[PDB]
């Protein structure tokens, strides 16, 4: 199952290519400007088989709760209404979001104690690195 090392509170320390990733998602300029300035805290928790990923920032907060492999309805930070599924693949927690015939993937994995999120949309790849606590 998912490693308990995922669980806890994480702080963004690095973000690479987020602007072009947001452009690929259709996010407008003013929103992208604030999105690029955000340094969110991500809190991963688990209760039973239900996993929760909560994101907190001054600009926007989000929260998703899910069981592995079961599709759920998600509202994203940029207010897309997606159908999403999270799977586990070689220690990588992989989230796929589908809406309006499009899809994007967010793959979260642990690397030397950091959480690395790789966000992909239409060949555009963004990497965000988080530190524990």
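Positions refer to the first chain, counted from 1.
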Mean Cα B factor from the PDB record: higher for 45-53, or higher for 79-87? 45-53
Quick one: classify residue 69 as lowest, middle or highest third of the chain based on its Cα B-factor. middle
Ranked C-alpha temperature factor of residue 39 among modelled chain residues, by third: highest
Residue 97: which third of its chain by C-alpha temperature factor? lowest
Residue 9: which third of its chain by C-alpha temperature factor? highest
Can you tell me whether residue 58 has a C-alpha B-factor in the lowest, middle or highest third compared with the other modelled residues of the same chain? middle
